[PDB]
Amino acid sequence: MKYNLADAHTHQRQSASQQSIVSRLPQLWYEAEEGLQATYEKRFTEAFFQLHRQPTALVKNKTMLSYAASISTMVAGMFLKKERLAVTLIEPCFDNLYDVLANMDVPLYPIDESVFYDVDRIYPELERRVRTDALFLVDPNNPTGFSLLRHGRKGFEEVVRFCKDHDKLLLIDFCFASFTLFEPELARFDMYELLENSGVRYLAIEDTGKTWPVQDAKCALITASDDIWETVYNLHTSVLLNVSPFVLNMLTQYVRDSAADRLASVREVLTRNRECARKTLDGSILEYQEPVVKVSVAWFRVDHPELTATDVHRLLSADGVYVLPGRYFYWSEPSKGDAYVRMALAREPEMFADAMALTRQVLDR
């Protein structure tokens, strides 16, 4: 038996109310056939930004939809190349973001996540360290679950202040932002109000695929500041005319379903696995790194005098447990990741607990 705890894609099963969505897939199909594409785009975008509490995005009504967040990222990549912009990119970060931008020949330079830990040091650290015209953040971050929302509004406000002051393009990947929702202290505020009010040049990417168990039948959203909107619109329309109205109709049901249960069916699965990993590996050579935000991945430091993350990945995979070593997140210098391991949490809790038992057995040598 193999245990894939590697990719962060959703592989948990449907909740009871989500099984009701599955049951009406035929009607969702025939509805999308009879209705207008624009209707399903509007209903999806409205449901999404109502759940995420981003009302400014619905007033501006300039958001464009694509097959996946990486496709939105490639549209951003075309804009970066057209404007001769290099990117300072968050590190650590899931390295496919580096890979796709590097494959588009965007020059890329790291900035360590620790620059954002102290709210009163964010602005001077960016002034000293950001030497490109574009800054690309992932918030909450993958793999660490870090979020500027630890600082309330002020963390994002300081980043936006820096980028506006210095005429930088601010790109933000909000794929994990659903995991802040309904949190008493961390629930995201209206980011588009801040982005619009500041006049900063920006590209904001949102996603459905990591939140819901939709088997990667998904939709991503990109929103651009008004000054670049037309250029980005034309870039986007060269990639695709439309996302499937069937998929949009289906995703709208998942979004509405999660508004009704305040994301309980998502949060409860991740919590069960996060807590199982924490308890099972407490005191082991894999040291759990508590995240700011309860995201769908768990991050561990290797605590051993000799073994590295490469060793831990090898030993676990030999027994059928597949995790990702940190080389896949320190994209500018993979050797820096040899002290870390990431595990995916969007999984069925039974398989996950069996994987945790086997993992502890292996680590106990």
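All residue numbers refer to positions in the sequence shown, first residue = 1.
Checked against the record, the higher mean CA B factor of 148-156 and 256-264 lies with 256-264. For the pair 26-34 and 297-305, the mean B factor over Cα atoms is greater in 297-305. Per the deposited record, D120 carries the highest C-alpha B-factor of all listed residues (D120, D165, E83, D190).
The PDB entry gives the largest Cα B-factor of the residues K42, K60, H313, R53 to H313. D216 sits in the lowest third of its chain by CA B factor, as recorded in the PDB entry. Annotation for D133: C-alpha temperature factor in the lowest third relative to the rest of the modelled chain, per the entry. Ranked by C-alpha B-factor against the other modelled residues of its chain, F329 falls in the middle third. In the PDB entry, a CA B factor belonging to the lowest third of its chain's modelled residues is recorded for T208.
Compared with the other modelled residues of the chain, the Cα B-factor recorded for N142 ranks in the lowest third.
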